[PDB]
DNA sequence: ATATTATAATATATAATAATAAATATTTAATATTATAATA
């Protein structure tokens, strides 16, 4: 019993990017050969695992879900390669950390699916079956440049715009049997970081709100007093978001200090803080990056009605 | 005789968060279904097991308060889930410390309440009754991205608002039988240090002060006389903190400092400082942290009229 | 009147310590209220256990100070809990040096004075009479923070100034039945490296050496002879320390040089130097090691009177 | 040699018993506790047995239980224990109670046995302390492998698996019932 | 042997633990004077085993001060005072 | 006994080299009338790859490459632990 | 432009457990006798 979109056209957002993967899909259907190795880079919440399993379903192939953090040994990599067969695919997340030995093992494994490592005595000559390794990292900058060059498919996954997220809200409510007002769908679409996972979580919160505080479906006023009870503004603020904004506009006077210092002050993990912060705050352009630190714009400081000194 | 509100409405300290989780409780009650997974993080020591027990009485079901050492082996948690029933709930703690084998066992346990296990490989599929998995950690940043993204409700715990801290001080003093003042309540709220336990300790100590110095009376002047000498300050500083600040600024003039050098010069090992005194001041943000030395910020310079380099 | 006096007026400690907490508990006792937990810590060898025994002596409650490293076992912890009764006080030495099992069998006793005992086996509910733990540690920095939160009162010990050391020397020599002049008392205080109980031991040794060469009266010539035989001047510099600083002023003239360079120059192990030699000088304004290296005041040069700009 | 008898009782002269197994009677003694479980004269009985060979004699000892034979044999392997001592011990107290007292290493409950010195009691308890152990279908193997993957030991898992649910049940419910237990 | 410490015995090569308690027991067995339960008591014993007590000190403490027709918490309390 | 083999007897538990070699010595007069190279190569390759030495040999011996190449028997041996 | 050293990982000395093989040690059963505690 899963809500999960099992269709290509469900993720109709980023129409140029989706059409690019559609061209790659029909190229894979037309090649009937070994694909180029895929490495997609994009912030989370967009369903990159959902995208990979949609790719597998359209290929008509079985998909195994693993990640770079999961793997630690080249023997585990060999096991994962062996479990896959002809007409299979592997989803891998966050390749950005990897042992180098795994990389030189994967170099012939993606050249010609070969394995030619040392045992001296007899070396291995194992040739893997034809299956495509699909990469779904968040940022390709931190990972090694030879791997990024060697991976064939690279694409930018971006936060979805208001109309796509509203459409996803409407169809997900249709899956659960509920209905959303177009204005409420639009406001929670431009909110929730423009990401279908966060949009669906917000949909669940607002539908529970309408289950108790409301007496029916969610309308614009239902969603508005939901965000009033959720303490969320028109931009999609959080209590932690408001506190961090207040600290870097007031305590540090623009916050020209490193992300490590503010994260330690908040006692927040670096990766979680940056994943929450950078995409929505950069697409709004409230805060840029300096080597001194992640200093704010004048517009962000004026957002709270405060004039820049 | 611990301090504990009986009901969720009786729980006071996070009124917006309390209203949100009351909405979730009534959503569980009205829908006649097990409540979603609730992620809890914030202060390390707050008696979260007792609050989970209160939620259990609100549900009217049993919650097995379990932690990392309890569920370090997948067999123990599997047995506890087998004794768990429909509409029940399981408190889980130290999820971050738990092994990834626990994580893969708990993937189908919350994923529509199933269980898949391997036995020349053979697969065995098991089912689980619906329940409310409760995940509470001291820090939620170590939670893996697919696991946290697959969860539902995420709830944040934090120290109370200053007026709401003052109300908590008043209620605890009424419990303790102290003849406290609202000005004294706001005083101790300013002294609450973000921790309810040390707050109640301060209520006990000012009650002793009113017993031995005044005639059993707690007023603003009595609270000031009790908490304006030695390791006290209206903001939260101590004479230990003032000594540390003065010894840093007279030696290195607000520059990079050696931590071993500081421990030697203060006649005080750096460990306790970075365990209690430094984390609170960095929680206030008043010390900016570098990999080449800890420096106080402009707030401490403004406290003593010091320049900015 | 003993080797360690048991009277609060007979020990001239820190004025804040001499004023606040023992007067507080003197005026608070007799209320039929169990005293809460109190911590004392600082430099080693300062008789924190003896000070706790003193405090319990004025409290008039049965008390026996036991060393934590001696009592590794929770069974003996239960023995000490059952040896005492309602409203009693207990002094523990080096709580941070306990095996953890003592700690988790001690937490419910701090919670609700409850000794939860494990034996389908079930735990048994074994209540405890009201009691009090008095903490006396050299450094409890690695102790668990929730145990700090259960504890109420903490006092530090610091390097006492020359007036307090002189008064301590005078009162302890009056206990010893000495005829030391106030100038000799100041000389003994300055010869002692602070540390009031270790200062008492040093005064005992000086008294014995003076009685070897004369009577109980101490003259400035007797103080000079004691400094010569102990090879430590009135500045407190050790003979090894004096030789090393003479080599440093004869080589680099107090310039900022590396710790490894001077360690190789003096043919001495650097870690022992760091934990022994410079600490005594660096509580005061003598050694100012920087990111470039060690800096020495000219007041340290006043022992020989040679300095550079 | 002799491990068990399944024969017919001939006469009862306690403690000495004669067991006519196919025409020939067997000189065997049983403890008075086993006297409380012997059948009548002429009735068949199955006795777990074990012989003792001496320099000048062969002595036959037969018990109602195999485990009683094993405990008797381990008592005889002790350097200071004769058959008369072991018969006195088991005529005083029964087997698993003595096992738990060996876990207890208590002399009070064993001194009361007639003819037994305290020194004998502590030496036997100390040299008998617990070094011993305390006293598949598709669904069975699937549960065993599942609990092995869950961290349970195979011997620990098997005793919880095969005890409560029946034979050839549904794997989910029988794994559920196996994991129903707690310690 | 009159102090009953096996640690001094076992450091000698060829001497293990079992030989050490044999020497202790069979010499204390009269040679070395001259120089040359209920549910509550079982619950108490099990609690002591779970709290680090070896069974002999959990045994003779019960034997010295047995509890009769009264609840567990007080005779275990005076037994804990008793073993001191 | 006819082949004067010792290591075959030694692998039996409780058998020393001297015991088996003596058994040879008296049995040669008592009796009057009366896996491949790739198997070890796969184990060595798995050990150097990172696999634990005894479970790797378990996977190798579960489905050996007696009638097929070393790479394919490694391929089907990695089926076991998945 | 050199070191330096304030923070960040790291690798093994020292706790532990698990076969194992040389080196041993190899006697209790019956019965008087004498205390010994309890007893007409």
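Note that chain A carries Swiss-Prot numbering, so the residues on display, from first to last, are 22-140, 145-334.
Keep in mind that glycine also has a Cβ here, set from the backbone N, Cα and C atoms.
Pulled from Swiss-Prot:
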| type | residues | note |
| --- | --- | --- |
| BINDING | A:24, A:25, A:66, A:69, A:70, A:71, A:132, A:133, A:134, A:175, A:222 | ATP binding site |
| BINDING | A:33, A:66, A:67, A:68, A:69, A:70, A:71, A:185 | ADP binding site |
| BINDING | A:70 | Mg(2+) binding site |
| BINDING | A:295, A:314, A:319 | DNA binding site |
| REGION | A:186-256 | region 'Small ATPAse domain (RuvB-S)' |
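Cβ environment of residue A:71 (ADP binding site): A:25, A:26, A:32, A:221 lie under 8 Å away, each six or more residues apart in the same chain. With the fewest other C-beta atoms within 10 Å around its C-beta, A:68 stands out among the binding-site residues A:66, A:68. Counting only the Cα atoms, the space from residue A:314 (DNA binding site) to residue A:70 (ATP binding site) is about 29 angstrom. Using Cα positions, the member of the binding-site residues A:24, A:66, A:70, A:132, A:295 nearest to residue A:185 (ADP binding site) is identified as A:66. Proximity to chain E (Cβ-Cβ under 8 A) holds for none of the binding-site residues A:66, A:69, A:70, A:222.
Using a cut-off of under 8 A between C-beta atoms, the binding-site residues A:24, A:33, A:70, A:185, A:222 that neighbour chain B are A:70, A:222. Most Cβ neighbours within 10 Å, among the binding-site residues A:24, A:33, A:67: A:67 holds that distinction in the structure as shown.
Burial estimate for the binding-site residues (A:69, A:314): highest at A:69, by number of other CB atoms within 10 Å.
The most densely surrounded of the binding-site residues A:134, A:185, judged by C-beta neighbours within 10 angstroms, is A:185.
Every protein chain considered, the tally of other Cβ atoms within 10 Å of the Cβ of residue A:295 (DNA binding site) stands at 12. According to DSSP, the secondary structure content of the region 'Small ATPAse domain (RuvB-S)' (A:186-256) in residues is 55 helix, 2 strand, 14 coil.
The binding-site residues recorded for this entry are A:33, A:67, A:68, A:295, A:319, and the Cα of A:68 lies nearest to that of residue A:24 (ATP binding site).
The record assigns A:33, A:66, A:67, A:68, A:69, A:70, A:71, A:185 to the ADP site; their largest pairwise CA distance measures 16 Å. Comparing Cβ neighbour counts within 10 Å across the binding-site residues A:70, A:132, A:222, A:319, the minimum falls on A:132. Between the C-alpha atoms of residue A:319 (DNA binding site) and residue A:132 (ATP binding site), the distance comes to 41 Å. Listed in sequence order, the binding-site residues from A:33, A:67, A:68, A:295 having a Cα within 10 Å of the Cα of residue A:222 (ATP binding site) are A:67, A:68. Same-chain neighbours of the DNA site beyond A:295, A:314, A:319, judged by a C-beta within 8 angstroms of the site's C-beta center, are, in sequence order, A:283, A:284, A:299, A:302, A:303, A:318.
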